[PDB]
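Chains as they are written, first to last, in PDB author numbering: chain B, 1 to 153; chain H, 41 to 82, 130 to 204; chain I, 148 to 286; chain J, 0 to 24, 38 to 288; chain K, 0 to 23, 36 to 286; chain G, 188 to 259; chain L, 197 to 259.
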């Protein structure tokens with residue numbers, strides 16, 4: 001609860017990298033738990049935990065979008081403290097997000113149903129931490145998009 | 041000018057140090073003799136004319152002088168540095184001599200005190 | 148004090164004592180004593196590597212003191228001083244007095260004043276040196 | 000290591016021997045106490061060595077000795093330097109009193125400097141440090157040691173300007189600059205002192221600073237050519253009109269051309285505080 | 000070369016005469044003539060036997076009621092053995108140091124400690140023991156407040172720790188020395204080298220925290236930026252962040268073009284770049 | 188031209204650093220001169236003390252010689 | 197030509213800086229040593245003065 005030292009690790013599975021969930025080992029924590037990762041006195045990032053057997057104990061695995069947003073480094077030392085969301089105040093009502101393709105090789109002009117986009121975003125990221133300005137990768141119609149959180153309500 | 045003054049002062053200090061060492065040696069010899077008698081009593132270019140370069144000639148002369156001055160100061164600094172190491176060695180030698188002389192006088196005083204009782 | 152120091156075999160202080168004596172004496176408008184003491188100090192310090200470079204200043208002082216005697220022998224004195232110490236040519240003092248003599252040869256005070264102003268601007272002058280320069284100007 | 004335990008045991012045994020010898024009653041007790049304190053110091057237990065040294069010094073003084081007792085007291089103060097500054101300070105004051113009694117100006121000045129250093133580094137006090145530095149400067153001036161006295165006076169003036177009113181700092185800086193003007197080697201640094209004086213004058217008032225810088229320019233002709241005088245003139249002109257932006261621009265330019273001492277920045281900020 | 004044979008003959012004759020005299036109050040004369048014989052043998056340039064005879068004379072003096080003469084003879088015997096069996100010199104200097112500390116002479120004791128450490132590390136291969144001697148000398152100097160000697164000992168031990176892969180001790184010592192230099196009005200400029208050395212020590216441990224270390228060095232001492240050491244450090248950081256070989260090679264060539272790098276610095280840089 | 192003047196400014200960029208380095212050396216020279224002067228005065232004081240000590244030692248030696256000659 | 201002169205000047209400045217730091221450390225050490233020797237010689241002269249005064253007074257009292 002007070003916070004424990006941890007070593008940043010590589011994301012174990014690409015599917016969880018797409019899910020943009022903080023992947024940890026079974027012994028470190030339990031799947032679905034919410035944590036705050038302290039990288040410096042001024043750098044605290046709220047993540048959602050998703051345990052996997054392949055993660056070595058004592059290490060916290062991060063995906064590339066997470067490292068980009070938080071400026072993490074493979075093998076970097078951090079602190080992790082368990083936290084519980086205040087659903088009475090912190091429940092998200094609306095999410096206005098800006099989306100920019102991560103890959104420029106396969107940029108397309110195909111139309112996308114934004115309703116299905118929102119539905120899949122909620123389904124994949126239900127009960128997960130999101131903050132203004134956060135960056136992640138979202139898979140829709142098997143296409144990767146770079147989502148940058150703009151406004152929350 | 042500061043360099044030159046430093047050099048001359050170092051010279052004077054070295055001579056004075058030699059004088060004091062001689063004095064200490066004389067002190068030691070005389071005190072030893074006195075103690076014994078008492079016991080017995082019992130190619131390139133700095134210019135670039137690209138677009139006339141009328142404001143680059145004076146810089147060259149200043150740079151030339153500075154480069155020459157630094158070259159001379161290199162040897163000058165080496166010469167001034169050479170003396171200090173020798174002075175420090177002489178200082179260590181006088182350290183030893185003074186300690187020895189002090190111990191001798193102390194032991195002589197102790198012997199003088201102990202002879203009566 | 149200098150005589151006592153020489154009698155005590157204590158060197159490196161008689162030279163400075165004589166230098167200060169000459170500097171003081173030149174104030175009272177007595178040149179022969181100053182010239183003799185300055186040349187003695189210069190010849191004593193010429194062979195010492197530590198003071199050999201500084202000997203140039205002594206020669207310059209002697210030349211300045213000898214300048215007031217007469218220009219005819221002053222040029223010869225400068226030439227003689229240059230002859231015995233060819234490295235003296237490296238010092239800017241030689242060219243400085245050469246330009247001053249060139250200006251004085253035709254009573255051109257403007258050139259001498261410009262040279263003195265430039266020398267002061269590049270480096271500060273001593274009170275004794277400034278006094279001698281003004282006295283030469285009065286000529 | 001066994002060294003510490005052995006030295007501790009030897010010190011205890013020697014203390015017991017000296018106590019027994021004095022109880023029977038004389039220099040043997042003093043020597044035993046001194047040796048025990050030396051072993052204590054060897055053991056790295058800086059504490060409790062000062063008591064033994066003080067006992068040895070008192071026993072030695074019991075037979076009218078003053079020199080060995082004074083040296084032992086100085087050594088005890090050195091031992092207490094980090095163990096307990098309170099006792100080191102007391103021992104150093106006692107040594108100063110003894111040396112003044114025997115008329116040792118140099119030793120007294122050295123002890124006055126050491127006490128000021130300890131006060132400024134270990135304890136929290138500047139007025140006491142200033143007084144000790146001034147006393148040491150006076151002693152060394154009496155001993156014709158002008159360099160150290162001038163250094164101490166400059167340090168005191170800097171402390172006063174940093175914390176106290178500037179009249180003492182102005183006086184000390186002006187006197188030091190005037191003295192340096194005659195000194196050939198150190199005449200150049202007089203510019204910095206006059207710069208500090210002008211900057212300090214800036215704090216007192218604008219017109220006073222203008223008059224002071226004009227007087228400095230008149231007294232020292234090359235001060236006109238100095239960059240510091242130009243900066244002070246430009247800064248006074250800008251502050252006369254209540255223009256903070258030009259003040260900041262000049263400060264930044266001066267810092268860029270040459271670094272700062274980390275105190276000139278503080279004085280510049282303090283001056284700018286009242287610009288409004 | 001008849002001079003060496005003549006000196007040997009004279010020294011052995013003097014030693015034999017000293018032995019005869021001592022065999023025949037007598038202790039003082041025996042010790043004096045034995046010291047003279049040892050001096051003559053030393054002039055004879057037979058270093059091993061000269062040192063043996065000098066140490067024997069020193070022991071005989073120890074037999075007499077005298078301490079300072081005994082310690083002087085011991086240190087001279089140690090110097091004589093310096094060019095002989097190092098163990099005998101080590102033992103003699105250890106006994107001399109013990110006697111000196113018995114009388115409270117810190118300076119000579121620490122000098123002898125440094126001398127024995129130096130002879131052990133230059134001639135023999137065991138440098139770790141010399142580390143202990145250097146640390147003891149540094150502690151003694153700190154007790155005596157000898158800033159110069161203690162600083163030299165700390166720098167030497169930190170350098171040897173860095174050479175021996177003791178990165179943390181070296182970095183701590185360098186940081187402490189640099190902070191001490193910066194606090195004093197003088198020596199603050201040399202602090203840059205200590206920071207650079209300390210940063211190398213840290214960089215060899217890892218590359219991720221090198222950014223934190225360089226940030227600390229920059230903000231703590233902003234003027235450190237002007238030093239080309241910080242420029243080289245950031246260049247090395249950006250070079251090693253990517254698997255590009257040319258970057259660090261051209262960086263080291265550019266830095267070496269100005270001034271030659273020392274052996275320790277060169278080997279440390281090559282080690283860090285390789286790994 | 189724009190490129191030519193950009194190059195001229197780039198060339199001038201090093202002048203400031205060189206000037207700072209030279210002023211650093213000048214400050215070092217000024218400090219060293221002060222330390223040399225302090226050492227000189229201290230050595231002169233020590234030499235005066237040594238002259239007094241040797242004079243007193245000579246007087247004491249003369250007195251001891253007189254005492255031993257008369258007593259003996 | 198510019199590179200050659202610039203690098204020569206940089207090497208000269210570095211060498212001068214190194215030797216100046218060396219002599220600065222040496223001068224600080226020598227100043228500490230001389231500060232020590234002043235006190236040491238003062239103590240020695242005081243002690244010898246005390247001893248010789250004791251000797252003179254004792255011999256005068258005894259004779």
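Cβ coordinates follow ideal geometry from the N, Cα and C atoms, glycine included.
Residue i versus residue j: straight-line alpha-carbon distance, rounded
i                      : j                      : result
residue 226 of chain G : residue 229 of chain L : 11 Å
residue 41 of chain K  : residue 8 of chain K   : 20 Å
residue 242 of chain J : residue 266 of chain J : 11 Å
residue 239 of chain G : residue 57 of chain H  : 16 Å
residue 44 of chain H  : residue 198 of chain I : 8 Å
residue 136 of chain B : residue 18 of chain B  : 8 Å
residue 156 of chain I : residue 244 of chain G : 21 Å
residue 274 of chain J : residue 207 of chain G : 17 Å
residue 119 of chain J : residue 135 of chain J : 23 Å
residue 177 of chain H : residue 202 of chain G : 44 Å
residue 280 of chain I : residue 117 of chain J : 46 Å
residue 163 of chain J : residue 189 of chain H : 34 Å
residue 14 of chain B  : residue 87 of chain B  : 30 Å
residue 222 of chain K : residue 51 of chain J  : 48 Å
residue 157 of chain H : residue 133 of chain H : 16 Å
residue 60 of chain K  : residue 256 of chain K : 59 Å
Status (buried if at least 16 other CB within 10 Å, exposed otherwise) for residue i
i                      : result
residue 145 of chain H : exposed
residue 110 of chain J : buried
residue 87 of chain J  : buried
residue 1 of chain B   : exposed
residue 62 of chain J  : buried
residue 191 of chain G : exposed
residue 126 of chain K : buried
residue 151 of chain J : buried
residue 186 of chain K : buried
residue 162 of chain H : exposed
Same chain, Cβ closer than 6 Å to residue i, neighbours up to 5 away in sequence not counted
i                      : result
residue 93 of chain B  : 153
residue 44 of chain J  : 13, 16 and 17
residue 69 of chain K  : 84, 85 and 88
residue 240 of chain I : 207
residue 203 of chain I : 235 and 238
Contact belief for residue i with residue j at Cβ below 8 Å, rounded distance in angstroms
i                      : j                      : result
residue 49 of chain B  : residue 66 of chain B  : Their Cβ separation, rounded to whole angstroms, is 13 Å, which puts residue 49 of chain B and residue 66 of chain B out of contact at 8 Å.
residue 58 of chain K  : residue 94 of chain K  : 4 Å
residue 24 of chain B  : residue 55 of chain B  : 6 Å
residue 159 of chain I : residue 55 of chain H  : 5 Å
residue 101 of chain B : residue 120 of chain B : Actually they do not touch by this definition, with Cβ atoms about 17 Å apart.
Within chain J, the residues that residue i reaches when beta carbons sit closer than 7 Å
i                      : result
residue 220 of chain G : 197
Contacts of residue i in chain H (Cβ-Cβ under 9 Å)
i                      : result
residue 233 of chain L : 178, 181, 182 and 185
Where residue i meets chain K, residues with beta-carbon distance less than 9 Å
i                     : result
residue 75 of chain B : 217 and 219
Residue i: contacting residues in chain G (beta-carbon distance under 8 Å)
i                      : result
residue 230 of chain L : 226, 229, 230 and 233
Cβ shell of residue i (< 8 Å), same chain only, five flanking positions each side left out
i                      : result
residue 184 of chain K : 165, 166, 168, 169 and 172
residue 68 of chain H  : 184, 187, 188 and 191
residue 108 of chain J : 120, 123, 124 and 127
Residues near residue i in its chain [Cβ-Cβ closer than 7 Å; skip 5 each side]
i                      : result
residue 128 of chain K : 141, 144 and 145
residue 137 of chain J : 131
residue 53 of chain J  : 61 and 91
residue 161 of chain K : 149, 152 and 153
residue 251 of chain J : 218, 259 and 287
Interface flag, residue i vs chain A, CB-CB below 9 Å
i                     : result
residue 55 of chain H : In the structure shown, chain A does not exist; the protein chains are B, H, I, J, K, G and L.
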